[PDB]
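Here you get one chain, nothing else, as structure tokens; it is the form deposited without the ligand.
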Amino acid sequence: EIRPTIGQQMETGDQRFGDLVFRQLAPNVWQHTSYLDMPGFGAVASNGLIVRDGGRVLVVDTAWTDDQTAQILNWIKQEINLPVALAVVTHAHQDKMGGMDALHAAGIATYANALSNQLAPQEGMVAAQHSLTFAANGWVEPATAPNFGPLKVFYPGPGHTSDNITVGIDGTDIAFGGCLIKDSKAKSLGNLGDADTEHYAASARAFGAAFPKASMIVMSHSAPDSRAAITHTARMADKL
């Protein structure tokens, strides 16, 4: 008989759900966190977003696996119970696109950088259903991003990967750097095996310039931070 809203519940603090963690960042915006078990070592965390936009939900990034992504969808059903209209996934690595099959089975329309949709299938991953094309200035061509609501998608240039994209949430102070940006105390940029080391620093800067009003920077592999994360990341990336 105690029936708080999800917002009221998330005041208590971050919530464990199955093998995931959820955190409310602002009303109508939650961070999902999933973990890749690496035998003998600590599990690798990855963050994405869930946005309630009127009577629908929008997702940024899958979890590492289909099952973890199904757990995200279970949380949305239990706590929000609105249809998930679409998902945007932010490059062709496992932490961002490892759960595409779960999204597709749920009837969710999926979008990724056209380049991610080329890169993913040859890695044994599944492409998104729709491809985003970006103008030379980095902004998504609106015709390729129909019905995105508050999501503003920006290609900052090659960095963490050649295909990495970023997402601002209009009406909030939040911008999602995905795996491009690490927090202002990070001692490394993580696995740079697919990175463009020449352009990384400039791409981090371009993300900051694209979303100048975003005071909360959300990231895949760090907890949310203030804007100092952006220049810290660019400093770490300088002259790799």
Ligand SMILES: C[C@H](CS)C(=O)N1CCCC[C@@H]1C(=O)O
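When you see a residue number, it is the position in the sequence shown, counting from 1. Rigid core (definition): largest C-alpha set, two forms, superposition within 1.5 Å. Only residues modelled in both forms are compared.
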| said: Can you tell me whether 65-73 has a higher mean C-alpha B factor than 38-46 in this record, or the other way round? | reply: 38-46
| said: Comparing recorded Cα B-factors across 94, 90, 161, 118, which one is largest? | reply: 118
| request: Using the B-factors in the PDB entry, rank residue 178's C-alpha atom against the chain and give the third, lowest, middle or highest. | output: middle
| remark: Of the three thirds of the chain ranked by Cα temperature factor, residue 26 occupies the highest
| Going by what the PDB entry lists, where does residue 201 fall on CA B-factor within its chain: lowest, middle or highest third? | middle
| query | For residue 51, does the deposited CA B-factor place it in the lowest, middle or highest third of the chain? | reply | middle
| query | Based on the entry's values, in what third of the chain does the Cα temperature factor of residue 172 lie: lowest, middle or highest? | reply | highest
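There is also a form solved in complex with the ligand; it is not shown, and the following applies to it.
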| query | If we take the ligand as it sits in the bound PDB entry and superpose the C-alphas round its site onto this chain, is the site open or blocked, where blocked means 3 or more ligand atoms come within 2.4 Å of a backbone or C-beta atom? | reply | blocked
| remark: Picking from 179, 175, 60, 57, the single residue whose non-hydrogen atoms come within 4.5 angstroms of the ligand in the bound PDB entry is 179
| task | Select, from the options 91-99, 129-137, 148-156, 74-82, the stretch whose residues sit within 4.5 angstroms of the ligand in the bound PDB entry by heavy atom distance. | result | 91-99
| Are any of the heavy atoms in residue 221 no more than 4.5 Å from a heavy atom of the ligand in the bound PDB entry? | yes
| With the partner left out of view, is residue 44 within 4.5 angstroms of the ligand in the bound PDB entry by any non-hydrogen atom? | yes
| query | Just to confirm, residue 191 within 4.5 Å of the ligand in the bound PDB entry by heavy atoms? | reply | yes
| field | 4.5 Å heavy atom contact, residue 64 and the ligand in the bound PDB entry | value | yes
| field | Which one of 170, 123, 101, 141, by Cα shift of 2 Å or more between this form and the one not shown, core superposed | value | 123
| If we fit on the core, is the Cα of residue 55 displaced 2 Å or more between this form and the one not shown? | no
| query | By the 2 angstroms cut-off, has the C-alpha of residue 212 moved between this form and the one not shown once the rigid core is superposed? | reply | no
| query | Can you list, in sequence order, the runs of 3 or more consecutive shared residues with C-alpha shifts of 2 Å or more between this form and the one not shown on the rigid core? | reply | 38-42, 122-124
